[PDB]
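Given next, in structure tokens, is a single chain: the form deposited in one PDB entry.
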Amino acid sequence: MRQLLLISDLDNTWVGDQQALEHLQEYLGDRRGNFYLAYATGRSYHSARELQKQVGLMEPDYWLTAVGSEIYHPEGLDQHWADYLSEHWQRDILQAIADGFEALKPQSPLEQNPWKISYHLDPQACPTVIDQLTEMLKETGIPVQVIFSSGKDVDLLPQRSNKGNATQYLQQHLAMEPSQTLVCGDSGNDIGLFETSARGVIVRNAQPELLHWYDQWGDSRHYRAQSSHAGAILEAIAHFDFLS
């Protein structure tokens, strides 16, 4: 029932520029009840609360963590979303396949969960191996989705997960219109947000994969901010004339 559903990425988007994070949160603090806020990050919920303590993030209404593999309500984890993502998912098999790749190194255990298998790509490896990985996984019949960001982070999630779907799920839950939604991002794990029908803002300092994506799929609901980090978010709000 609010006029805006603000969905932002953390690293290099909401966070990265303190002065901006501060004047963004200062502005949004004078009309806190006019929007719902959701952080969409690739970080675990624990690693996310940590960030909030370091940079002083403002308390969001929802936390779309681990690339949307987990959604945290004020009350707590969403078990319907979990069951939704658990359906047809075969973590063991997918991992067996992913591990078979030399160019891939498993990320620390604390970066994994029932619906998120992550690795790091060798700096000297050939990025096309990701496309080989994607295809090899796809052909298993298991609804899997490969996410590549920052040229090194590789995430294997269910087709039904990822920041964009997590966002769509939330939209329906809150009964919010795409026209009333704004997504903010900078990397490849943000692509799913822009695949959404919501309004979007790509921070100036965006990563190459996102900018590359934009060139090919960017539409009219996609705004390329002139500013970087939090500044992009304030700019996009003025652009789409949100919070009128």
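For every residue, the number given is its place in the sequence shown, counted from 1. By rigid core we mean the largest C-alpha set that fits within 1.5 Å across both forms.
Look at the C-alpha B-factors of 192-200 and of 66-74. On average they run higher in 66-74.
Higher mean CA temperature factor between 78-86 and 157-165: 78-86, per the PDB entry. As recorded in the entry, 227 carries the highest CA temperature factor of 19, 13, 25, 227. As recorded in the PDB entry, 142 shows the highest C-alpha B-factor of the residues 142, 117, 93, 146. When the CA B factors of the chain's modelled residues are split into thirds, the value for residue 41 lands in the highest one. Ranked by Cα temperature factor within the chain, residue 60 sits in the lowest third according to the deposited record. Residue 34: CA B factor lies in the middle third for its chain, per the PDB record. When the modelled residues of the chain are ordered by C-alpha B-factor, residue 244 sits in the highest third. Per the deposited record, the Cα B-factor of residue 176 falls in the highest third when ranked against the other modelled residues of its chain.
Form deposited in another entry: not shown, discussed below.
Core-superposed comparison between the shown form and the other one: the CA of residue 170 stays below a 2 Å shift. Shown in the overlay between the shown form and the other one, fitted on the rigid core, is a CA shift at residue 156 of 2 Å or greater. For residue 71, the Cα coordinates differ by under 2 angstroms between the shown form and the other one after the core has been superposed.
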